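Report on one structure; see the data block that follows.
All Cβ positions, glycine included, derive from the backbone under ideal geometry; neighbour counts span all protein chains shown. Read-outs throughout are calculated quantities, based only on the coordinates presented, and are distinct from any laboratory measurement.
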């Protein structure tokens, strides 16, 4: 479901690293990654938002944020 | 349930069948399947038909 690069189409799609938590246990990462140590590092950064999101997914709906 | 195809596992539909065997009393019924072979001829043999 994720879109790890800008597509093979010349496709108009906001290219900005981010981590999505749509709900129902569906986690997607949207970024346009190039082969660089810069995007090797922000891949580790954006996966960290996902592993934080996968952990508190057993709480009720209104408590699924960070603690502050 | 609003089921969607892009739903993480644990949110996708599972079909369930619960078999419940309940005994009671009778003279006989279903049971295991017996095995067999290929009977011969013209040879003292030990047979079960």
Relative contact order (%) - chain A, alpha-carbon pairs under 8 angstrom, separation at least six
29 percent
Ranked by Cβ crowding within 10 angstrom, fewest neighbours first, how are A:16, B:25, A:45 ordered?
B:25, A:16, A:45
Kindly state, to the nearest 0.05, the FRET efficiency for residue A:21 paired with residue B:14, given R0 = 25 Å and r defined as their beta-carbon distance.
0.60
I need the calculated FRET efficiency for the pair residue B:24 and residue B:1, taking r as the beta carbon distance and R₀ as 35 Å, to the nearest 0.05.
0.40
Helical mean residue ellipticity (222 nm; -39500 (n - 2.57) per DSSP H run of 4+; nearest 500) of chain A
-8500 deg cm²/dmol
For a footprinting-style exposure proxy, rank B:29, A:33, A:5 by other Cβ within 10 Å, fewest first.
B:29, A:5, A:33
Averaged over A:21-33, number of beta-carbon atoms from partner chains that fall within 10 Å:
2
